[PDB]
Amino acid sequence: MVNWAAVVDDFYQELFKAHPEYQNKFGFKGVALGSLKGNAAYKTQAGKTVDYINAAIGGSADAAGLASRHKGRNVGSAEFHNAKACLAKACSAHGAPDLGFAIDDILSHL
């Protein structure tokens, strides 16, 4: 199966490399990027992001709900447009399908 866990790991590396300040909103704030896999808060978050991708692909994803929850953290359209770029890089690096369509679904509610 597509190794979405590996894609998500690469996604967060790209996201926080380009926008380190985004990391301050998570429970793993301040942790060196190269050590995230050893951080408990990160393990949980990465698992949820993987779950969301599989839900988007599987058809059960609540894009409206995820958008609203991100708005609830002052994360909106600009951040998700930036995320689209990082996730595209991460997917391509693993020979996985691009997930732009899934991000666009979220963006449609932002």
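All residue numbers are counted from 1 along the displayed sequence.
Taking the PDB entry as given, 101 to 109 carries the higher mean Cα B factor of the two stretches 4 to 12 and 101 to 109. According to the PDB record, 56 to 64 carries the higher mean C-alpha B-factor of the two stretches 56 to 64 and 40 to 48. Ranked within its chain, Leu87 lands in the lowest third, by CA B factor from the PDB record. Compared with the other modelled residues of the chain, the Cα B-factor recorded for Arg73 ranks in the highest third.
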